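Written below as structure tokens is the structure these notes are about.
There are 6 protein chains.
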Amino acid sequence: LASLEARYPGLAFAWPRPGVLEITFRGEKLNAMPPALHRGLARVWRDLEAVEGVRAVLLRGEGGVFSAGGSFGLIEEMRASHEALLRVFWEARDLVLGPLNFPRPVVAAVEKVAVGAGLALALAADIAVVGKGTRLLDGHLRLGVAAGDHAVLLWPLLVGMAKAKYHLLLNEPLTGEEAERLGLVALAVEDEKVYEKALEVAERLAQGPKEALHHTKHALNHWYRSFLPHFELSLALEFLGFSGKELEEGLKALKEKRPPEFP
Amino acid sequence: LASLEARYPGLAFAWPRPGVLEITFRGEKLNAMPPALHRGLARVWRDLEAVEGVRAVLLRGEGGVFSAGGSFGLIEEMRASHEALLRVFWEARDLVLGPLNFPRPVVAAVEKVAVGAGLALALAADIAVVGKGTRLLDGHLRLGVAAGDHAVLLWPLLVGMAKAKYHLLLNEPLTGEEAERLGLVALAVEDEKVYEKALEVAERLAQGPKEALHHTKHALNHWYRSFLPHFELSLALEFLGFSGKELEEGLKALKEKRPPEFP
Amino acid sequence: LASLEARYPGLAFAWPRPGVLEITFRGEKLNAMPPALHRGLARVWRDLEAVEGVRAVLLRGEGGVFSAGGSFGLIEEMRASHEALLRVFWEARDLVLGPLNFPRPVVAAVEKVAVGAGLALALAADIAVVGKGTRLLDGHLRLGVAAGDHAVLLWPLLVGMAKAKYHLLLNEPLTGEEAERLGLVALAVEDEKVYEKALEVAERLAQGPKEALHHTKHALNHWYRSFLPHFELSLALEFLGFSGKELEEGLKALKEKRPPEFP
Amino acid sequence: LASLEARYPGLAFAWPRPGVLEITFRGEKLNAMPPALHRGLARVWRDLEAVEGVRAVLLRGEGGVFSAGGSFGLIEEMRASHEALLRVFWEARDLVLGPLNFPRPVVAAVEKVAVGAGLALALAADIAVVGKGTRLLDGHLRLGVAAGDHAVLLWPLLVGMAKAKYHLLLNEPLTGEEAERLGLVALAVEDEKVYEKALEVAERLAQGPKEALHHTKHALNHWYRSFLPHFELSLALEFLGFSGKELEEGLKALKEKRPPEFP
Amino acid sequence: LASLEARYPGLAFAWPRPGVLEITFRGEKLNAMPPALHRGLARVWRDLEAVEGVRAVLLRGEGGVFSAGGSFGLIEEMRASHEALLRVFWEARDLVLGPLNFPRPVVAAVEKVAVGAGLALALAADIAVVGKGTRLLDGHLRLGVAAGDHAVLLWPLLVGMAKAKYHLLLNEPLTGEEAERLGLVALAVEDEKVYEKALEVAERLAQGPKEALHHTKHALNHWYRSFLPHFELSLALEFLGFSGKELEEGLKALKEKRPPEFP
Amino acid sequence: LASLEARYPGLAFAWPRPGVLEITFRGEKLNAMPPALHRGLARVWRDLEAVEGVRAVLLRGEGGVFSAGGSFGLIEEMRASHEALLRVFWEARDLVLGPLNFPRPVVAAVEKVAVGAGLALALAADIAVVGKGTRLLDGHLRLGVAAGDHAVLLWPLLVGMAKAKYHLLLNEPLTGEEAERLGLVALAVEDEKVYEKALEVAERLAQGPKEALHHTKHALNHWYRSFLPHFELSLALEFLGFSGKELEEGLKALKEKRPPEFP
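Residue numbers (the deposited numbering), protein chains in the order written: chain E, 2 to 264; chain F, 2 to 264; chain D, 2 to 264; chain C, 2 to 264; chain B, 2 to 264; chain A, 2 to 264.
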């Protein structure tokens, strides 16, 4: 409510259905995440624990699109300051762990695009509803850095090592339909009904047994928690790459609209 | 057989094929498990070790159906006394661990339905043969308690976390055909061919190399054993829920044939 | 290198594309591996780290076929002396860990057949390209020994435990297309395009950020590394079976071209 | 902080030295923890992250004594309702994880007595300074329930399994001096110098490298985090015992000041 | 029980104290274990589960000595047959796992000497009482085989890796006094008081809360279970060495009372 | 031999006793490690596997001193180049894993000083012999970076978490005598007897069973391998600190021999 949006600019809160706290986030184009939004999306889970009445959380990006991930501004801030780099490191860790350790089920209405941090948040949710034509991509390898913001924690237990290595190492995108087929996400529906179905799912969870749902989510999530070191190591390695020339060429290439010429 | 059937009321033993020990269990309607059957299916594995000639075990529910899980009577016996609750706790643990630690391959002929403890037993088996129309459902969340009788030990390494969370948190049933495609079970055949195929598989295993099969099953099962604490925690959390208002509402709604209205 | 070819008989080295080191191995029928080849394929990884300019490694069997695994000769040698059995134990371990611990991405062009050690190598690679008609089979249970040369380390996180147990315990072959559907491998293309597609993949990898690729592959492989004891145990158990009556019968039957009659 | 003390009755905050935030807590006899205090000590860690300038935290019980653990009132409240039992479950979990997950080093001035939750808090701290005469005891087995509030997460990696089983299963108290020798705590000093030494330690920590300390503590604590399921299971089993006859007799015995007569 | 004594040649059962089931085993000189005693001590745990009234188990070697481990006869039987070797493999596994998974606390009165399998059994017990002069030695390296019958499962979490590697790799004996100080065992008392004290401990445990003790032991033992693969691998490696020349030399030297001359 | 001496400047090789390969390293004062020596000590293990006849490795620093760790030159090189930082990252990882994965037992004659990388090498060895007065110190917190070059992998399983956190977070040195008492090292002898005793230990190991020792070491080391992610994460966090102001001040204050004043 009021106490909360002021602290997290870019996040809007509403109750579309009884017990369903809907969080709408707004970034730059395709909801690219500026530093303030990244920090907000990673830290809000702390305070949400204090909100009474929440039986399910629904995540949605403003403008009918989820998120293309971290913005160029955020990336450049990270490369310019050690203090910023480490602050974002812990934010990146909580962007994934936040949803996982939140007591109530989290549903993500993944519209049109989910890349980098956007995909991290989409997959950190308990249930993700995507459109058959949604574009899902880790994207770090194209940028010149390791896939350390979620992939190593979540992908193996979602689609297995073969499909994970193929799509993470080659930067090969997945359509929402293909993603559901691999088991990366629970459902793939007509693009125009993504929000509709996600709300339906969220409402259904809000109708379920609160304590039993919390305990079940918590117990299942220990599977991910057992591999937290694996995840944090991938994140640390990714951040070590921020001072490397591969990231420099990756950004430069992306700005010059030319394929990267990695050294 | 002789001494076994005497000590295990509800269980019938036979050798339909060479080296194939077939256990046919009988419960109530749809083979729902009363206290004695639940305990029997959980403890029989310890005594089967002494049965000479067993090269494979075939599990089948009497009357053309596997099992709808624990009966109302069992649930009532648990919630009524501490001593009964904890007795059932170890039984629930052994219902899954029993087949896993049994040296020989176990095949389950899953006909028509497998719910709750019924699904736990079916998925604890090394190879489950289901009918394309078989109904597979954890169903704990609908009852009002955490999915702690097998789901947390088995589902993640069977279908991945996305499909696990989707079907376990929402109590979304799976048909045999859909379950095979997700990787939850090995084969989904025509409904009237389930037993026939299951028997074929059991006989093939019985014709295989005993020591090699034992060692391969044993080695593969260490994957599950590495997550035993995860499993037991889920079970303990479920049982802690037996004294809550959610189970009271779920149990009441079920017997009363109406949708649950959780607090 | 010119020195590598001399130290690794049976291995041919070439650079089909920039930064792509292609290793073509030659064995006996269907490239079955004799002692020298098995040892070379397991230990070459240690020396490749010294070859400058390697951004990706492409594996291919000579003659349009990957590998049917260890040769009859290798197996008999192992059964004949403790010295050879243990020498091969460490080679078998390295055949899988070599690729996994090699810094650069490894691609396998799996043509027509991949059995035993052949499948182990194909699956240890980061990305495997198979043909729709390729035949993949663990094969150990038919031979009379446990599936300990790779299956327990890689299969669970690739296709799940249900599909792993079905194909491993029954020795049920998979077509390349089926393997791709289960998640065992990334791509299944037309048989005549396997090499072509594999080379394309390797070239794409060679064009990516090498540090980012190394770190991503390394972080992901920790998932496999966490289960190394599980794997080495299965391997040890397999080798303990080399002095058993089951391998004797398994070998006798295969050579006599008759069904095995295990004790 | 004033707001901080208002939300956590029983907790006093001060800055005895630069960067050293001292939290003094007060309970009942020997600082036994009432419901409000137990929850406060468990939940305060979340809000402490908001306090800037904290480089180290020093824990101390008021009145020259640390804590005898949960009070009779708290225990009875837990036995009286499911709602309270589960509320306290999550608090007990946080009482240990809170200090572990707090970024800054935590020092405990363990004076005279540390039992149950008191010991849990003292051992969850990064460094514990005890007095040669301080008395440390888990105490759950004498109470009639499993040692589930910290022992299974911390003791094994502190003193080894032999000493852990001996003191936990027999309820054999440890002097501060013996505890140091076993490795349960870092320092054991003259009773009169416990606070002095603890403050000295906290001050040294506050003078060290903030980021380096944070990261070192975090990396080391992953050792404990890897066994979280083990801990939570012990906690769940302990709580399942709250409805048993053993706890009944356990409390009856102490309140009547007579040796327990377990069934 | 008459039935137990009838089925377990070499084992004597008695109730020296209420709820304390005492198992006195008799082998050859220094209770060296012949094939039947090894198997019996390994399998008895499965049958003890059905003995009503057991609240604690006390293990004692007949004739004032625990055990020097496996006899030359057992070692030769293992080296002479594949079937015998694998039979003993599972027995060796159960000798350690048996006590660990037995629900009630197990106390070992370790008099004078505990070597090899004798040490395995003593350390698998929950509480071991040794004499200050008792000799504790793994001894496998002297025999010419890997320390795989318990050391890899137990020692690291008892005394740390440095002391484990030192005493295991060098076959450096430990007196009971030195072992207690390292943390390998809980108590070291006057040699003549070992049984007396062990009985005292067993009686105290029998007077404790049954359910609470079971759950605490179970929860703590998950620490060991998490490393079951590690242990089984060490065991399998040890057994693969039985066909080697080092065991041949160690065995020959031992029987010829001379120092081994390893190849 | 000649080929090794020719390839590793800074390292000297000799056979003081049959089967004992002694590696003496020479750095700057107190054998501080320049870039070349650090890489040499980290990579030599790969080539040592090729040397025939090695039954045990003995490590010793030239001039009667082990090593003060990385030299100022090495630290400055890391700080000034991303390329240098990451190359040392993998070297640091190998400095510890090299000895751990080497097949033969490794003994370290730790004379006078072992700090940073020096202590890492000393503790990675299977058996370390120190002098009663030897100074052992991690030392990273004093430098301003996390203790990530070995501590998080080795210390918990050597001395337990309490002693590890105390010495690592406070930068508190340990005398060889104290280190042995804690279990960090196997033996602490008179300073003058260090090399003599270390050689005696190495010789004894060379007289032991080669295969059995390899297998025992390998199996025990899986305890460390299971926590590799924990170790690498700590190493990565340490290296992320190289671009921070804490390291800058740590070096500055160090070179200016004044107490550091961290921000």
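Backbone N, C-alpha and C define an ideal beta-carbon position, used for all residues, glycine too.
Short of 6 angstroms in beta carbon distance, which residues of its chain neighbour residue 165 of chain A, apart from the five on each side in sequence? Order them along the chain.
Answer for residue 165 of chain A: 156 and 157, listed in chain order.
Check the Cβ-Cβ distances between residue 268 of chain B and every residue of chain F, and say whether any is below 8 angstroms.
The question about residue 268 of chain B has no answer here: the residues shown for chain B are numbered 2 through 264.
Residue range of the beta strand (DSSP E) that includes residue 62 of chain F
Element bounds for residue 62 of chain F: 57-62.
Could you check whether the region 123-133 of chain F touches the region 176-188 of chain F, counting it as contact only if at least three pairs of C-beta atoms, one from each stretch, sit closer than 8 angstroms?
With the rule of 3 Cβ pairs closer than 8 angstroms, the region 123-133 of chain F counts as touching the region 176-188 of chain F.
Return the bridge partner residues of residue 77 of chain E from the DSSP annotation.
BP columns for residue 77 of chain E are empty, so no partner.
With DSSP run on the structure shown, which of helix, strand or coil describes residue 171 of chain A?
Per DSSP, reduced to three states, the secondary structure at residue 171 of chain A is coil, with no helix or strand assignment.
For the alpha helix (DSSP H) that residue 251 of chain B lies in, which residues bound it at each end?
Per DSSP, residue 251 of chain B belongs to the alpha helix (DSSP H) from 246-256.
Helix, strand or coil, according to DSSP, for residue 68 of chain A in the structure here?
Strand.
Within 10 angstroms of its Cβ, does residue 36 of chain A collect 16 or more other Cβ (buried), or is it exposed?
Taking every protein chain shown into account, the CB of residue 36 of chain A has 16 or more other CB atoms within 10 angstroms, so this residue is buried.
Could you tell me which of B:216, B:247 and B:118 sits nearest to residue 144 of chain B, measuring between CA atoms?
Put simply, of B:216, B:247 and B:118 the residue whose alpha carbon is nearest the alpha carbon of residue 144 of chain B is B:247.
With three or more beta-carbon pairs closer than 8 angstroms as the criterion, would you say the region 102-115 of chain A touches the region 134-143 of chain A?
The way I'd put it, the region 102-115 of chain A does touch the region 134-143 of chain A; three or more beta-carbon pairs between them come closer than 8 angstroms.
Taking 8 angstroms as the CB-CB limit, is residue 230 of chain C close to chain E?
For residue 230 of chain C, the nearest beta carbon of chain E is closer than 8 angstroms to its own beta carbon.
Answer with yes or no whether the minimum CB distance from residue 267 of chain C to chain A is below 8 angstroms.
Any answer about residue 267 of chain C is impossible in this case: the structure gives chain C only from 2 up to 264.
Any C-beta of chain C under 8 angstroms from that of residue 237 of chain F
By this cut-off, residue 237 of chain F is an interface position.
Within 8 angstroms, strictly: CB atoms of residue 64 of chain F and residue 39 of chain F
Result no, Cβ atoms of residue 64 of chain F and residue 39 of chain F do not sit closer than 8 angstroms.
Pull out every residue of the region 34-54 of chain E whose Cβ sits closer than 9 angstroms to any Cβ of chain C, in chain order.
Taking 9 angstroms as the Cβ-Cβ cut-off against chain C, the residues of the region 34-54 of chain E that qualify are 47 and 50.
Ignoring anything shorter than 3 residues or poking outside the region 23-60 of chain D, list the beta strand (DSSP E) runs there in chain order.
The region 23-60 of chain D contains no whole beta strand (DSSP E) run of 3 or more residues.
Where the alpha helix (DSSP H) containing residue 126 of chain A begins and where it ends
Unbroken run through residue 126 of chain A: none, as it is neither H nor E.
Does the region 7-27 of chain F come close enough to the region 241-260 of chain E to have 3 or more Cβ pairs within less than 8 angstroms?
Judged by Cβ distances under 8 angstroms, the region 7-27 of chain F makes no contact with the region 241-260 of chain E, as fewer than three pairs qualify.
Take residue 236 of chain C and list the residues in its own chain whose beta-carbon comes closer than 7 angstroms to its own, dropping the five residues that flank it on each side.
Closer than 7 angstroms at the Cβ level, and outside the excluded window around residue 236 of chain C, lie 90, 93, 94, 149 and 150.
Any beta carbon of chain E sitting closer than 8 angstroms to that of residue 128 of chain D?
For residue 128 of chain D, the answer is yes, since a Cβ of chain E falls inside 8 angstroms of its Cβ.
Between the region 202-213 of chain A and the region 54-69 of chain A, do at least 3 Cβ pairs fall closer than 8 angstroms?
A contact is defined here as three or more CB-CB pairs under 8 angstroms, and the region 202-213 of chain A meets this definition with respect to the region 54-69 of chain A.
Beta carbons nearer than 8 angstroms to chain C: which residues of the region 195-220 of chain B have them?
Those would be 202, 205, 206, 208, 209, 210, 211, 212, 213, 214, 216, 217, 218, 219 and 220, in chain order.
Cβ-Cβ separation, residue 159 of chain F to residue 311 of chain D (assumed contact under 8 angstroms), whole Å:
Residue 311 of chain D cannot be examined here, being either before or after the span of chain D that is shown, 2 to 264.
What is the rounded straight-line gap between the Cα of residue 97 of chain E and the Cα of residue 23 of chain B?
Distance between the alpha carbons of residue 97 of chain E and residue 23 of chain B is about 54 angstroms.
Residues of the region 154-170 of chain C whose Cβ lies closer than 8 angstroms to any Cβ of chain A, in chain order:
So the list reads 155, 158, 159, 160 and 161, given in the order they occur along the chain.
Exposed or buried, which one is residue 264 of chain B when buried takes at least 16 other CB atoms within 10 Å?
That one is exposed.
Measure the C-alpha to C-alpha separation of residue 76 of chain F and residue 42 of chain B and round it to an integer number of angstroms.
Cα to Cα, the separation comes out at about 39 angstroms.
For residue 195 of chain B and residue 216 of chain B, the rounded distance between their alpha carbons:
In this structure, the CA atom of residue 216 of chain B is about 27 angstroms from the CA atom of residue 195 of chain B.
Could you tell me the alpha carbon to alpha carbon distance between residue 152 of chain C and residue 69 of chain C, rounded to whole angstroms?
When rounded, the distance between both Cα atoms is 15 angstroms.
May I ask you to list the residues that DSSP assigns as paired with residue 137 of chain C?
Paired residue(s): C:115 and C:175.
If we call anything under 8 angstroms between Cβ atoms a contact, is residue 199 of chain A one with residue 123 of chain A?
Not closer than 8 angstroms, so no.
Residue(s) in a DSSP beta bridge with residue 266 of chain D:
Here chain D covers residues 2 to 264 and nothing more, so residue 266 of chain D does not appear.
Cβ distance (whole Å) where residue 239 of chain A is taken to contact residue 146 of chain A below 8 angstroms
Between residue 146 of chain A and residue 239 of chain A the Cβ distance is about 5 angstroms, and since that is below 8 angstroms, they are a contact.
Beta bridge counterpart(s) of residue 188 of chain F as assigned by DSSP:
F:130.
Nearest residue (CA-CA) to residue 2 of chain F, options F:51, F:29 and F:31:
Ranked by Cα distance from residue 2 of chain F, the options F:51, F:29 and F:31 are led by F:51.
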